[PDB]
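Following: one structure in structure tokens, then a few remarks.
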Amino acid sequence: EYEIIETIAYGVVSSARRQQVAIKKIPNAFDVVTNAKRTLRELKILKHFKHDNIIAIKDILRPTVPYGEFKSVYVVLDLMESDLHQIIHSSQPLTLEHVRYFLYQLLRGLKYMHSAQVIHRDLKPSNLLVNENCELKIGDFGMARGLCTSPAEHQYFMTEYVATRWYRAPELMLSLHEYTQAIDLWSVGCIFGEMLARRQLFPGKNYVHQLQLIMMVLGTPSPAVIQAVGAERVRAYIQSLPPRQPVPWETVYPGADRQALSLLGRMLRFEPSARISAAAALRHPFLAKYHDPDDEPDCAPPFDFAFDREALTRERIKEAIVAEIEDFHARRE
Ligand SMILES: COc1ccc2c(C3CCN(C(=O)c4ccc(OC(F)(F)F)cc4N)CC3)ncnc2c1
């Protein structure tokens with residue numbers, strides 16, 4: 001039993017006294033197909049992972065009412081005091097060591113997540129929650145996908161609408177037909193840069209301005225990347241602009257830490273294949289202070305998204321979610 005305090009952005013998330021905990025209500029959870037599918041994914045992802053840098057479900061409330069009348073899902077989580085957006089963009093400290101440590105934990109979480117063939121696809125400071133003990137936890141897995149996706153999804157083709165514009169990888173923006181865990185490392189690059197300057201790296205107002213801002217720092221993309229652009233009109237737009245060499249990161253962040261900018265430069269690249277992985281980034285000298293491979297596990301077995309590729313009705317998705325809630329309780333008790 002619980003007692004509610006105040007409404008906390010993250011849907012209907014309420015602060016509740018029991019020690020304090022977070023309770024998230026998913027109202028009318030089975031009314032819309034896309035929403036219901038998303039809840040099923042999130043439940044399955046968060047039950048799969050067991051990692052101190054990934055948000056964990058602490059409890060799920062079972063239906064008090066009969067099955068038909070079961071309309072809303074209540075999920076209980078550990079109360080986090082803040083998120084990385086609020087920390088960065090406020091009056092509290094954010095030294096280089098804060099940056100170093102927050103980056104370390106994010107990458108630690110991603111190594112584990114990525115080894116299970118799960119791409120978050122929506123990493124940004126507001127999805128990185130921080131408790132009062134400074135533990136960073138990755139949340140909001142609604143956008144996450146595997147390496148394989150069904151054509152039935154609109155996002156399969158319309159990749160430039162995936163997730164948040166300010167943190168969206170070039171492969172998604174330009175539809176480069178290479179969608180790997182590297183998607184997340186671009187986003188990490190953006191978060192890392194944002195931590196160093198305390199302002200967003202690429203705050204684009206629209207599709208074209210977003211590409212402008214990326215090019216103003218990274219320069220014009222290579223012919224291989226340009227030809228890999230699916231849309232002729234985007235391809236033509238890029239070819240119309242004059243040539244531009246990459247701006248060194250030393251200039252973009254004057255007086256910043258050398259090893260930090262070294263690591264940043266290995267994240268923010270146009271080509272997904274060129275980017276450092278989460279695992280390899282943990283071995284970078286910038287994170288040597290915290291790095292310990294024995295305390296940085298992979299996830300086994302891999303996560304399978306097959307359940308999400310099925311064309312299920314609302315009622316069939318409700319059934320799957322209820323089976324996950326039953327299973328949550330059945331494993332422990
Ligand atoms: C700053 O105050 C806050 C804000 C958000 C908190 C939060 C949110 C952090 C992100 N998050 C989730 O990742 C999430 C978890 C479960 C979920 O249920 C489903 F699996 F059935 F779909 C849906 C979600 N979207 C919402 C909960 N948790 C804990 N404490 C918080 C303190």
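Note on naming: chains are A, B, ... as they come in the structure tokens, residues start from 1 per chain, ligands start from 1 in the order shown.
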
Environment of ligand 1 within 8 Å, counting only C-alpha atoms and all ligand atoms, reported as a PDB file with N, CA and C atoms, in the first residue's frame:
ATOM      1  N   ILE A   8       5.184  14.413 -10.384  1.00  0.00           N
ATOM      2  CA  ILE A   8       6.504  14.782 -10.886  1.00  0.00           C
ATOM      3  C   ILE A   8       6.375  15.314 -12.317  1.00  0.00           C
ATOM      4  N   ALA A   9       6.074  15.264 -17.025  1.00  0.00           N
ATOM      5  CA  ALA A   9       7.160  14.985 -17.969  1.00  0.00           C
ATOM      6  C   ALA A   9       7.243  13.521 -18.386  1.00  0.00           C
ATOM      7  N   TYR A  10       7.216  12.617 -17.403  1.00  0.00           N
ATOM      8  CA  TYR A  10       7.357  11.157 -17.627  1.00  0.00           C
ATOM      9  C   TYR A  10       6.009  10.413 -17.614  1.00  0.00           C
ATOM     10  N   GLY A  11       4.954  11.069 -18.095  1.00  0.00           N
ATOM     11  CA  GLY A  11       3.583  10.566 -17.946  1.00  0.00           C
ATOM     12  C   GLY A  11       3.094  10.782 -16.526  1.00  0.00           C
ATOM     13  N   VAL A  13       3.500  10.116 -13.398  1.00  0.00           N
ATOM     14  CA  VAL A  13       4.435   9.642 -12.363  1.00  0.00           C
ATOM     15  C   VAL A  13       4.227  10.479 -11.119  1.00  0.00           C
ATOM     16  N   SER A  15       4.975  10.957  -6.831  1.00  0.00           N
ATOM     17  CA  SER A  15       5.809  10.671  -5.675  1.00  0.00           C
ATOM     18  C   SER A  15       4.860  10.064  -4.650  1.00  0.00           C
ATOM     19  N   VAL A  21       8.961   6.242  -2.785  1.00  0.00           N
ATOM     20  CA  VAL A  21       9.070   5.514  -4.059  1.00  0.00           C
ATOM     21  C   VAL A  21       8.316   6.256  -5.162  1.00  0.00           C
ATOM     22  N   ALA A  22       8.670   5.943  -6.406  1.00  0.00           N
ATOM     23  CA  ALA A  22       7.993   6.482  -7.584  1.00  0.00           C
ATOM     24  C   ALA A  22       6.963   5.468  -8.065  1.00  0.00           C
ATOM     25  N   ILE A  23       5.747   5.944  -8.323  1.00  0.00           N
ATOM     26  CA  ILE A  23       4.685   5.134  -8.921  1.00  0.00           C
ATOM     27  C   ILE A  23       4.313   5.779 -10.243  1.00  0.00           C
ATOM     28  N   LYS A  24       4.397   4.997 -11.319  1.00  0.00           N
ATOM     29  CA  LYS A  24       3.973   5.425 -12.653  1.00  0.00           C
ATOM     30  C   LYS A  24       2.673   4.729 -13.029  1.00  0.00           C
ATOM     31  N   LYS A  25       1.650   5.533 -13.316  1.00  0.00           N
ATOM     32  CA  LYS A  25       0.368   5.059 -13.842  1.00  0.00           C
ATOM     33  C   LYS A  25       0.393   5.160 -15.356  1.00  0.00           C
ATOM     34  N   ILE A  26       0.043   4.064 -16.019  1.00  0.00           N
ATOM     35  CA  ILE A  26      -0.178   4.049 -17.461  1.00  0.00           C
ATOM     36  C   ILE A  26      -1.696   3.976 -17.631  1.00  0.00           C
ATOM     37  N   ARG A  38       4.000  -0.465 -26.990  1.00  0.00           N
ATOM     38  CA  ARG A  38       5.117   0.197 -26.316  1.00  0.00           C
ATOM     39  C   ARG A  38       5.262  -0.245 -24.856  1.00  0.00           C
ATOM     40  N   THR A  39       4.144  -0.323 -24.139  1.00  0.00           N
ATOM     41  CA  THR A  39       4.132  -0.822 -22.769  1.00  0.00           C
ATOM     42  C   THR A  39       4.648  -2.263 -22.662  1.00  0.00           C
ATOM     43  N   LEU A  40       4.249  -3.121 -23.599  1.00  0.00           N
ATOM     44  CA  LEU A  40       4.695  -4.516 -23.623  1.00  0.00           C
ATOM     45  C   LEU A  40       6.208  -4.605 -23.836  1.00  0.00           C
ATOM     46  N   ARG A  41       6.727  -3.820 -24.787  1.00  0.00           N
ATOM     47  CA  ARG A  41       8.174  -3.722 -25.033  1.00  0.00           C
ATOM     48  C   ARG A  41       8.920  -3.290 -23.780  1.00  0.00           C
ATOM     49  N   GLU A  42       8.480  -2.186 -23.199  1.00  0.00           N
ATOM     50  CA  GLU A  42       9.125  -1.633 -22.016  1.00  0.00           C
ATOM     51  C   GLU A  42       9.156  -2.639 -20.867  1.00  0.00           C
ATOM     52  N   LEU A  43       8.024  -3.294 -20.608  1.00  0.00           N
ATOM     53  CA  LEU A  43       7.949  -4.313 -19.562  1.00  0.00           C
ATOM     54  C   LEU A  43       8.947  -5.430 -19.800  1.00  0.00           C
ATOM     55  N   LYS A  44       9.006  -5.908 -21.040  1.00  0.00           N
ATOM     56  CA  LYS A  44       9.887  -7.009 -21.399  1.00  0.00           C
ATOM     57  C   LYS A  44      11.358  -6.618 -21.353  1.00  0.00           C
ATOM     58  N   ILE A  45      11.663  -5.394 -21.761  1.00  0.00           N
ATOM     59  CA  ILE A  45      13.035  -4.897 -21.710  1.00  0.00           C
ATOM     60  C   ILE A  45      13.509  -4.740 -20.262  1.00  0.00           C
ATOM     61  N   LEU A  46      12.717  -4.051 -19.446  1.00  0.00           N
ATOM     62  CA  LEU A  46      13.090  -3.779 -18.060  1.00  0.00           C
ATOM     63  C   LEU A  46      13.131  -5.035 -17.172  1.00  0.00           C
ATOM     64  N   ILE A  55      17.222   1.533 -15.253  1.00  0.00           N
ATOM     65  CA  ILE A  55      15.989   1.602 -14.471  1.00  0.00           C
ATOM     66  C   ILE A  55      15.404   0.200 -14.317  1.00  0.00           C
ATOM     67  N   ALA A  56      15.011  -0.138 -13.092  1.00  0.00           N
ATOM     68  CA  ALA A  56      14.444  -1.439 -12.766  1.00  0.00           C
ATOM     69  C   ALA A  56      13.030  -1.265 -12.223  1.00  0.00           C
ATOM     70  N   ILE A  57      12.155  -2.201 -12.576  1.00  0.00           N
ATOM     71  CA  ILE A  57      10.819  -2.268 -12.005  1.00  0.00           C
ATOM     72  C   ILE A  57      10.919  -2.935 -10.633  1.00  0.00           C
ATOM     73  N   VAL A  73      -2.345   0.337 -15.786  1.00  0.00           N
ATOM     74  CA  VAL A  73      -1.186  -0.363 -15.219  1.00  0.00           C
ATOM     75  C   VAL A  73      -0.428   0.583 -14.287  1.00  0.00           C
ATOM     76  N   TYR A  74      -0.140   0.104 -13.079  1.00  0.00           N
ATOM     77  CA  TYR A  74       0.636   0.844 -12.087  1.00  0.00           C
ATOM     78  C   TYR A  74       1.976   0.155 -11.901  1.00  0.00           C
ATOM     79  N   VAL A  75       3.059   0.909 -12.101  1.00  0.00           N
ATOM     80  CA  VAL A  75       4.419   0.385 -12.002  1.00  0.00           C
ATOM     81  C   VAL A  75       5.186   1.170 -10.936  1.00  0.00           C
ATOM     82  N   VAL A  76       5.809   0.439 -10.014  1.00  0.00           N
ATOM     83  CA  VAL A  76       6.534   1.029  -8.887  1.00  0.00           C
ATOM     84  C   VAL A  76       8.028   0.946  -9.150  1.00  0.00           C
ATOM     85  N   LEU A  77       8.694   2.070  -8.923  1.00  0.00           N
ATOM     86  CA  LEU A  77      10.124   2.201  -9.156  1.00  0.00           C
ATOM     87  C   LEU A  77      10.776   2.876  -7.949  1.00  0.00           C
ATOM     88  N   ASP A  78      12.101   2.778  -7.876  1.00  0.00           N
ATOM     89  CA  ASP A  78      12.874   3.524  -6.877  1.00  0.00           C
ATOM     90  C   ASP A  78      12.851   5.000  -7.227  1.00  0.00           C
ATOM     91  N   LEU A  79      12.602   5.841  -6.226  1.00  0.00           N
ATOM     92  CA  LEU A  79      12.542   7.283  -6.440  1.00  0.00           C
ATOM     93  C   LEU A  79      13.936   7.862  -6.734  1.00  0.00           C
ATOM     94  N   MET A  80      14.067   8.475  -7.912  1.00  0.00           N
ATOM     95  CA  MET A  80      15.266   9.198  -8.334  1.00  0.00           C
ATOM     96  C   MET A  80      15.025  10.672  -8.021  1.00  0.00           C
ATOM     97  N   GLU A  81      16.004  11.369  -7.453  1.00  0.00           N
ATOM     98  CA  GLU A  81      15.815  12.779  -7.073  1.00  0.00           C
ATOM     99  C   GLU A  81      15.771  13.730  -8.275  1.00  0.00           C
ATOM    100  N   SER A  82      16.486  13.384  -9.338  1.00  0.00           N
ATOM    101  CA  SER A  82      16.592  14.253 -10.505  1.00  0.00           C
ATOM    102  C   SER A  82      16.951  13.478 -11.775  1.00  0.00           C
ATOM    103  N   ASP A  83      17.149  14.221 -12.855  1.00  0.00           N
ATOM    104  CA  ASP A  83      17.623  13.671 -14.114  1.00  0.00           C
ATOM    105  C   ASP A  83      18.740  14.550 -14.632  1.00  0.00           C
ATOM    106  N   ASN A 127      16.267  11.452 -20.119  1.00  0.00           N
ATOM    107  CA  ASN A 127      16.101  10.000 -19.946  1.00  0.00           C
ATOM    108  C   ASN A 127      17.201   9.354 -19.093  1.00  0.00           C
ATOM    109  N   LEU A 129      18.351   9.326 -15.438  1.00  0.00           N
ATOM    110  CA  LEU A 129      17.898   9.678 -14.095  1.00  0.00           C
ATOM    111  C   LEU A 129      19.027   9.485 -13.113  1.00  0.00           C
ATOM    112  N   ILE A 138      19.627   4.653 -16.889  1.00  0.00           N
ATOM    113  CA  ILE A 138      19.004   4.829 -18.179  1.00  0.00           C
ATOM    114  C   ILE A 138      17.541   4.399 -18.062  1.00  0.00           C
ATOM    115  N   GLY A 139      16.634   5.258 -18.528  1.00  0.00           N
ATOM    116  CA  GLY A 139      15.193   4.978 -18.540  1.00  0.00           C
ATOM    117  C   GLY A 139      14.540   5.235 -19.894  1.00  0.00           C
ATOM    118  N   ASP A 140      13.225   5.042 -19.916  1.00  0.00           N
ATOM    119  CA  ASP A 140      12.355   5.308 -21.060  1.00  0.00           C
ATOM    120  C   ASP A 140      12.769   4.561 -22.318  1.00  0.00           C
ATOM    121  N   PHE A 141      12.542   3.249 -22.260  1.00  0.00           N
ATOM    122  CA  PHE A 141      12.870   2.321 -23.335  1.00  0.00           C
ATOM    123  C   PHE A 141      11.800   2.152 -24.428  1.00  0.00           C
ATOM    124  N   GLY A 142      10.758   2.985 -24.413  1.00  0.00           N
ATOM    125  CA  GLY A 142       9.687   2.944 -25.421  1.00  0.00           C
ATOM    126  C   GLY A 142      10.106   3.016 -26.884  1.00  0.00           C
TER     127      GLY A 142
END

Contact table region 83-138 of chain A vs region 190-203 of chain A, cut-off 8 Å, shortest pair per residue, only C-alpha atoms, as a tab-separated table:
residue	atom	partner	partner_atom	distance
A:88	CA	A:198	CA	5.6
A:89	CA	A:198	CA	6.4
A:94	CA	A:195	CA	7.7
A:96	CA	A:196	CA	7.3
A:99	CA	A:195	CA	6.1
A:103	CA	A:192	CA	6.9
A:124	CA	A:191	CA	6.2
A:125	CA	A:191	CA	6.4

For the residues in the current selection, export N, CA and C atoms as a short mmCIF file (atom, residue, chain, number, x, y, z; two decimals), in the first residue's frame.
data_model
loop_
_atom_site.label_atom_id
_atom_site.label_comp_id
_atom_site.auth_asym_id
_atom_site.auth_seq_id
_atom_site.Cartn_x
_atom_site.Cartn_y
_atom_site.Cartn_z
N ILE A 88 22.35 19.39 -15.45
CA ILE A 88 23.12 20.21 -16.40
C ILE A 88 22.61 21.65 -16.41
N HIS A 89 21.31 21.82 -16.62
CA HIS A 89 20.73 23.15 -16.85
C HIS A 89 20.15 23.78 -15.58
N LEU A 94 28.71 21.16 -11.84
CA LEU A 94 29.02 20.17 -12.86
C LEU A 94 30.45 20.37 -13.35
N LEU A 96 34.39 18.83 -14.32
CA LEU A 96 34.89 17.78 -15.22
C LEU A 96 34.74 16.37 -14.63
N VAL A 99 31.24 15.18 -15.04
CA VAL A 99 31.12 14.76 -16.45
C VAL A 99 31.71 13.37 -16.62
N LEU A 103 29.33 10.20 -17.46
CA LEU A 103 29.63 9.51 -18.72
C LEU A 103 29.99 8.04 -18.50
N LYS A 124 19.03 10.92 -24.15
CA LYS A 124 19.16 12.35 -23.95
C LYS A 124 19.16 12.60 -22.45
N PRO A 125 19.66 13.78 -22.00
CA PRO A 125 19.81 13.99 -20.55
C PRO A 125 18.57 13.71 -19.70
#

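For the choices A:60, A:169, A:312, A:12, the atom-to-atom distance to residue 324 (chain A) is smallest for A:60 when using only C-alpha atoms.
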
*asked:* Could you list, as a PyMOL selection string, every residue within 12 Å of residue 319 (chain A), counting only C-alpha atoms and ignoring same-chain residues fewer than 6 positions away?
replied: chain A and resi 29-30+36-37+40+67-68+70-71+312-313+325-326

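Residues of region 281-316 of chain A assigned to alpha helix (DSSP H) by DSSP on this structure's backbone: residues 281, 282, 306, 307, 308, 309, 314, 315 and 316 of chain A.
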
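Proximity ranking of A:257, A:160, A:6, A:135 relative to residue 97 (chain A) places A:257 first, based on only C-alpha atoms.
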
*Hey, which of A:252, A:176, A:238, A:147 ends up closest to residue 225 (chain A)? Count only C-alpha atoms.*
A:176

*asked:* Rounded to one decimal, what separation in Å do you get between CA of residue 34 (chain A) and CA of residue 331 (chain A)?
replied: 27.6 Å

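Proximity of A:317, A:311, A:185, A:173 to residue 234 (chain A), computed with only C-alpha atoms, is greatest for A:173.
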